[PDB]
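Have a look at the structure below before the remarks.
Numbers and lists here come from the model and the stated rules, or from a named source; no laboratory instrument gave them. Backbone-built Cβ (ideal geometry, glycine too); neighbour counts: all protein chains shown.
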Amino acid sequence: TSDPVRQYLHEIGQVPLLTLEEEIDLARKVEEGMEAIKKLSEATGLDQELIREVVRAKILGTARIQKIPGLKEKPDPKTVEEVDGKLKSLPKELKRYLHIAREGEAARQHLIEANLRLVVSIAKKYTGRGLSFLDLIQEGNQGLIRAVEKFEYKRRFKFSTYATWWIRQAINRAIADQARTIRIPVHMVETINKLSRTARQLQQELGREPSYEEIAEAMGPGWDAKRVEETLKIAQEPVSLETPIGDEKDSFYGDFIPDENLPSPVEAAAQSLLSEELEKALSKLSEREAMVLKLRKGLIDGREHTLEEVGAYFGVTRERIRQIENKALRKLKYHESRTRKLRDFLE
Amino acid sequence: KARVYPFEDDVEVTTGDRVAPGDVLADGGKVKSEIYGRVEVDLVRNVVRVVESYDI
DNA sequence: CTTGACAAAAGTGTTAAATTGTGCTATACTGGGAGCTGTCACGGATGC
């Protein structure tokens with residue numbers, strides 16, 4: 001039924017492997033291309049990666065590379081074409097390094113494709129992560145590219161080594177950057193791994209699972225029960241709301257979760273009643289002090305007013321405002337003990 | 001399957017351009033490859049050939 | 001409501017201590033993998 005994995009498998013199956021000869025030739029053609037770019041940088045006085053990408057623009061497709069980097073990366077007619085024209089002004093010795101360059105550029109692609117059959121075989125022991133087959137393999141191939149650009153054939157080492165070391169990394173990074181729904185930075189993943197590792201070891205030995213005492217003991221210095229327990233708490237991942245229930249296939253999870261982040265119908269009339277009855281009990285105070293109170297507690301502009309400010313527009317000193325709101329407060333305290341209307345709202 | 005067009009002084013074309021029946025190839029319009037296809041510039045063998053291809 | 005003196009609350013600048021992000025490891029490693037059955041009726045796209 002159109003398997004996505006067999007697609008890629010037979011797609012890499014079309015391009016054959018590479019023996020010693022082809023490999024060395026490839027790498028050499030690549031480094032030759034790159035150093036060619038290095039001289040071509042001195043040619044027109046440009047950068048490495050600049051001309052290097054300009055080469056790509058003419059090789060792995062023309063309009064398509066500059067068309068969808070996303071809405072803004074670099075202009076095609078402006079910062080690209082002028083680079084083509086500017087390097088067209090050069091003689092034999094110069095102009096040939098261009099062809100050398102692009103040749104090496106193709107050699108890089110051939111190299112990556114030839115060794116892809118490895119990267120696919122690398123992510124197979126790496127399954128069971130927070131990512132599936134293709135998702136893993138691709139992020140491994142991303143490591144294959146960097147494994148290519150940094151490789152040196154002069155060291156007489158088979159590329160299958162230097163590549164594999166970069167794949168084994170790229171995947172183990174790919175898990176650290178995806179994994180759990182919540183994002184966990186590298187170091188945390190590391191420490192967690194060490195913890196579970198220790199667990200697996202002393203549980204294999206002792207014939208039973210450890211305690212936060214012994215597991216942190218075996219973890220070395222600075223490791224106590226509280227810390228291992230802490231990182232253990234962070235270790236767990238969120239639970240899906242689509243989680244089924246018991247024997248009933250119909251029963252979901254999230255339908256059991258209440259909304260407390262929105263005011264309950266009772267709370268609406270509650271806050272209303274408070275804001276009303278308070279305004280009623282406020283009218284028994286002097287025109288100044290009553291205003292000063294709601295200016296102080298932010299029932300006016302929604303913000304607290306320092307004694308300095310309440311006194312600034314009233315002309316009175318801060319001390320005056322202070323005594324005013326104290327007095328007014330207790331003058332309210334007289335009526336409240338009587339009516340017992342607002343003696344509620346005590347939480 | 002292709003058609004060879006050896007050159008002498010440089011070229012106006014690069015590997016991966018397309019083609020046309022008698023368009024300038026190399027050496028100020030010395031040779032013109034007449035055919036449809038992909039163009040390959042070879043410094044070693046000092047030739048710029050074209051393998052027969054439509055640009056579909 | 002006022003004037004000055006002061007504790008505490010809250011500010012603001014520089015720094016020590018953590019937390020977080022990035023990179024590389026060159027003997028040679030070169031196409032995964034798990035399978036699951038005792039429906040049933042019908043309606044449409046597709047194949048003989």
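For the stretch A:297-347, enumerate the residues that are surrounded by fewer than 16 Cβ atoms within 10 Å (Cβ to Cβ) and hydrophobic (A, V, I, L, M, F, W, C).
Residues satisfying the conditions are A:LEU299, A:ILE300, A:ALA312, A:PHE314, A:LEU329, A:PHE345, A:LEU346.
May I ask you to say which residue of A:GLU35, A:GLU23, A:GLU11, A:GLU49 is assigned to a helix (DSSP H, G or I), closer than 20 Å to A:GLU103 by Cα and within 10 Å of DNA strand C (Cβ to nearest atom)?
Numbers: A:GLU35 fails: within 10 Å of DNA strand C (Cβ to nearest atom); A:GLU11 fails: closer than 20 Å to A:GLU103 by Cα; A:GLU49 fails: within 10 Å of DNA strand C (Cβ to nearest atom).
None of the others qualify; the one that does is A:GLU23.
Please go through (1) surrounded by fewer than 14 Cβ atoms within 10 Å (Cβ to Cβ); (2) in contact with a strand residue (DSSP E or B) (Cβ under 8 Å, 6 or more places away or on another chain); (3) β-branched (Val, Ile, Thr); (4) without any contact (Cβ under 8 Å) to a residue 24 or more places away in the chain for B:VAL4 and return the number of the only condition it doesn't satisfy.
The number of the failed condition is (4).
Against the conditions (1) over 21 Å from A:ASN141 (Cβ atoms); (2) away from DNA strand C (no atom under 16 Å from the Cβ); (3) surrounded by 14 or more Cβ atoms within 10 Å (Cβ to Cβ); (4) aliphatic (A, V, I, L, M), where does A:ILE65 fall short? Just the number, please.
Just one mismatch for A:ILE65, condition (1).
Which one is nearest to the chain's Cα centre (by Cα) among residues in the stretch A:121-132 that are surrounded by 20 or more Cβ atoms within 10 Å (Cβ to Cβ) and near DNA strand C (Cβ under 10 Å from one of its atoms)? Outline the logic, then answer.
At the first step, the residues of the stretch A:121-132 found to be surrounded by 20 or more Cβ atoms within 10 Å (Cβ to Cβ) are A:122-123, A:131.
This time we only want the ones that are near DNA strand C (Cβ under 10 Å from one of its atoms), so: A:122-123.
Details: A:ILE122: 25, A:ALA123: 22 Å.
Within the stretch A:121-132, the match that is nearest to the chain's Cα centre (by Cα) is A:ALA123.
Among the candidates A:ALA147, A:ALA107, single out the residue that is within 14 Å of chain B (Cβ to nearest Cβ) and either more than 21 Å from A:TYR8 (Cα to Cα) or within 10 Å of DNA strand C (Cβ to nearest atom) (or both).
Details: A:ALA147 fails: within 14 Å of chain B (Cβ to nearest Cβ).
That would be A:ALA107, the only listed residue that is within 14 Å of chain B (Cβ to nearest Cβ) and either more than 21 Å from A:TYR8 (Cα to Cα) or within 10 Å of DNA strand C (Cβ to nearest atom) (or both).
May I ask you to verify whether A:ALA235 is within 16 Å of DNA strand C (Cβ to nearest atom), surrounded by 11 or more Cβ atoms within 10 Å (Cβ to Cβ) and within 30 Å of A:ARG197 (Cα to Cα)? First the steps, then the outcome.
Details: within 16 Å of DNA strand C (Cβ to nearest atom): yes; surrounded by 11 or more Cβ atoms within 10 Å (Cβ to Cβ): yes; within 30 Å of A:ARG197 (Cα to Cα): yes.
When the stated conditions are applied, A:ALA235 passes them.
Looking for whichever is free of Cβ contacts under 8 Å to residues at least 40 places away in the same chain, of a type in the set (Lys, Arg), away from chain B (no Cβ under 14 Å) and within 12 Å of DNA strand C (Cβ to nearest atom) here; the options are A:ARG227, A:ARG168. Which one fits? I'd like the intermediate steps shown before the answer.
Numbers: A:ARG168 fails: free of Cβ contacts under 8 Å to residues at least 40 places away in the same chain.
Every option except A:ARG227 fails the conditions.
A:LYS39 is checked against (1) under 36 Å from the mean Cα position of the chain (by Cα); (2) away from chain B (no Cβ under 14 Å); (3) basic (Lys, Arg) and fails just one. What number does that condition carry?
(1)
Consider only pairs whose beta carbons are under 8 Å apart and that are at least six residues apart or on different chains; among these, list those whose first residue lies in the stretch A:299-318 and is outside any helix (DSSP H, G or I) and whose second residue is within 12 Å of DNA strand C (Cβ to nearest atom) and of a type in the set (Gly, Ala, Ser).
Every condition considered, the pairs that remain are A:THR317/A:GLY311.
From (1) away from every other protein chain (no Cβ under 13 Å); (2) surrounded by 15 or more Cβ atoms within 10 Å (Cβ to Cβ); (3) not in a helix (DSSP H, G or I), pick out the condition that doesn't hold for A:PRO75.
The one condition A:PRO75 does not meet is (2).
Kindly indicate whether any position in the stretch A:302-311 is away from every other protein chain (no Cβ under 14 Å), away from DNA strand C (no atom under 13 Å from the Cβ), out of contact with any helix residue (DSSP H, G or I) (no Cβ under 8 Å at 6 or more places or on another chain) and closer than 22 Å to A:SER275 by Cβ.
Yes: the stretch A:302-311 contains one or more residues that are away from every other protein chain (no Cβ under 14 Å), away from DNA strand C (no atom under 13 Å from the Cβ), out of contact with any helix residue (DSSP H, G or I) (no Cβ under 8 Å at 6 or more places or on another chain) and closer than 22 Å to A:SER275 by Cβ.
Could you grab me the full set of residues in the stretch A:174-197 that are under 30 Å from A:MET34 (Cβ atoms) and either in contact with a strand residue (DSSP E or B) (Cβ under 6 Å, 6 or more places away or on another chain) or surrounded by 16 or more Cβ atoms within 10 Å (Cβ to Cβ) (or both)?
Within the stretch A:174-197, the subset under 30 Å from A:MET34 (Cβ atoms) is A:174, A:177.
The one that is under 30 Å from A:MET34 (Cβ atoms) and either in contact with a strand residue (DSSP E or B) (Cβ under 6 Å, 6 or more places away or on another chain) or surrounded by 16 or more Cβ atoms within 10 Å (Cβ to Cβ) (or both): A:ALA174.
Could you go through the stretch A:125-144 and let me know if any residue there is under 23 Å from A:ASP25 (Cα atoms), assigned to a loop (DSSP other than H, G, I, E, B) and in the same structural domain as A:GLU21 (by CATH).
Checked the stretch A:125-144: no residue is under 23 Å from A:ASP25 (Cα atoms), assigned to a loop (DSSP other than H, G, I, E, B) and in the same structural domain as A:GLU21 (by CATH).
For every residue, the table says whether it meets (1) part of a helix (DSSP H, G or I); (2) surrounded by 10 or more Cβ atoms within 10 Å (Cβ to Cβ).
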site	(1), (2)
A:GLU213	yes, yes
A:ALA216	yes, yes
A:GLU229	yes, yes
A:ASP255	yes, no
A:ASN261	no, no
